[PDB]
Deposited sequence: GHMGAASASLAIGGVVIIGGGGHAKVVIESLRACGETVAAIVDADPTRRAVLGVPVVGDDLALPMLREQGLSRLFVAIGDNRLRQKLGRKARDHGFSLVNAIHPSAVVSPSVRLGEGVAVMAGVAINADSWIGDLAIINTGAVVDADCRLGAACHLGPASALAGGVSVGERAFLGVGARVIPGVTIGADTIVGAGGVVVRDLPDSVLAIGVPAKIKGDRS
């Protein structure tokens, strides 16, 4: 738990964390430490210092910036609130190759991976993930802790509910609203609104029941 001052604490030490670490370093930021539910190491050279019980120690030692690198959307949302309760500020991890329009509103704790484009007047909720190569056209609204998977695309005016997940290569046509907690499978093409809490797959995407 000997750290250098000033850097970013990461919650989570998986594959998603690797990619976030490399976005932060590409921006010139320093990653100080990881906390992981397996407290046993290092991720890309960043030390795993403990589990979430190490958060107060990290804060006391002067570290105050944090990113939640956990793919699971509800868990990420809960951990972001825990981190803020412990006095951390949630940074954004935006790869320098991402194109984020100057009229985009960004929340906090947002991941925006390499190759992303986000166009005019889009709003991006806290703790959203806009993954590698994803496209978000103008006037979209992305709720807190949703996840646009790699190579997915939203055409204009699409709203994505809190904690919704779009799989790799999913597509949404203009004006569509997708409910909270909804999953679009990989490659699904969404051509009408989706309610909350369903799973939709196919071209066109169709809701799959039990």
| property | result |
| --- | --- |
| Missing segments of the deposited chain sequence, listed N- to C-terminal | 1-7, 48, 219-220 |
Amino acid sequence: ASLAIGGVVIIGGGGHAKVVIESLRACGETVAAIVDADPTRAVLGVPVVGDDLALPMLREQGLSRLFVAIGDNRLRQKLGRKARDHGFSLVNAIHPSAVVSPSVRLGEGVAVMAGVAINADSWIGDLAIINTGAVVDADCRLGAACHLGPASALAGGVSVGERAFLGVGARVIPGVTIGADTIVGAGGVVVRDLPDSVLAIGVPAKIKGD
From here on, numbers count along this sequence of modelled residues.
| item | value |
| --- | --- |
| Mean C-alpha temperature factor, higher of 1-9 and 199-207 | 1-9 |
| 50-58 versus 165-173 - greater average Cα B-factor per the deposited record | 50-58 |
| Maximum C-alpha temperature factor, selected from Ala151, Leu66, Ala26, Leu154 | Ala26 |
| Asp85 CA temperature factor, ranked by third within the chain | highest |
| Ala42 by Cα B-factor - lowest, middle or highest third of the modelled chain | highest |
| Among modelled residues of the same chain, the CA temperature factor third for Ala32 | highest |
| CA B-factor ranking of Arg76, expressed as a third of its chain | lowest |
| Ranked against its chain, the third holding the CA B-factor of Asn119 | lowest |
